[PDB]
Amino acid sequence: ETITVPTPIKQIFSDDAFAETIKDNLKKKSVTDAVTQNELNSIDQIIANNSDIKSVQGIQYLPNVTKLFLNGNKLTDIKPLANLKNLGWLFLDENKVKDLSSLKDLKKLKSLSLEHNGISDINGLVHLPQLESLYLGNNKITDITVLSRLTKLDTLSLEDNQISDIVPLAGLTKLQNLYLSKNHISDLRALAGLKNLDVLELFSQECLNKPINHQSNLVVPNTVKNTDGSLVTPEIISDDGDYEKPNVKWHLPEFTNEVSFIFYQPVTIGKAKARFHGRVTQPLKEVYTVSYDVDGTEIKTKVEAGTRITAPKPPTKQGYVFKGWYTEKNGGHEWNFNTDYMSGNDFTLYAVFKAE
């Protein structure tokens, strides 16, 4: 990771776009110009955003680089950064850097920006407990458990991800600037202790409940909670629904496959004011009953409309053989459970037996 003779820039920096970056940084005339290690040692900062860089191979020869601005390139591989011991600021927004293993030994890193990288797994950040600012907006993150270790952060952006569980933030009392808009957050209790906040964003949450069956009268708990656990009164409820704390209530005489409610709450945490607002969506399943009649009385099964019915364990009667389930007692046709999926209405099937 050192040169000992004068060496052309392009021999070290194999990506032509990055070779041009170094040429301009060192005020050389051509990427073929020879440089010395003394010259490489003089590089403290590289600004090369939107520079069409695919690889930073060769950066390993720059031991003193402290600030690297590489937003809006084509990077996928940060292995060349792994031994840049003095790196303090690293900006990689709008790349395709998903593998974070090579950050492990960057123990002087203070600011890290990885927005718009398609990242889901941030567990590699466990190795950077000294971080002071971290920008992860516009990714695919759901699990922020690792952030409970980042107790030096004063600035954290997680906006535009898929986070519902913010409990890992609860002990991060150094936080001053926290961006959480456009996630799946319904419960602010985790934030109650963040008394040093100056800036807080909680806009535009989208929360999805697990599906339940449609019924004529539905009662769904309001799960939207303020920092003290008090429930946020809905701002508007779909489908003529009503609020009766602690529940949202609907009368749904016709099937519909979802209902929802919107919430809005001005929030104060620490010194920060924010507007916590969003939607809770409740998917509804269309479910009907198959009645299985055996000699004039029935067992019953609920099945979602349009889906496959699994036949019941068949009835047994000594001296008879079960034949099948028919749409009439003494007529109709035999139901085929492999091919005839659930009807959009309740119906009865009749057990038919035959002689041994």
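One rule holds for the numbers: they count along the sequence shown, beginning at 1.
Averaged over their C-alpha atoms, the temperature factors of 285-293 and 26-34 are higher for 26-34. As the entry records it, the average C-alpha temperature factor is higher for 120-128, out of 154-162 and 120-128. Going by the entry's values, 98 shows the largest Cα B-factor out of 98, 277, 74, 184. When the Cα B-factors of 94, 235, 201, 228 are read from the PDB record, 228 comes out highest.
When the modelled residues of the chain are ordered by their C-alpha B factor, residue 325 lands in the lowest third. Ranked within its chain, residue 210 lands in the highest third, by CA B factor from the PDB record. The entry lists a Cα temperature factor for residue 55 that places it in the lowest third of the chain's modelled residues. In the PDB entry, residue 15 places in the middle third of its chain by CA B-factor.
In this PDB entry, residue 49 carries a Cα temperature factor that places it within the middle third of its chain's modelled residues.
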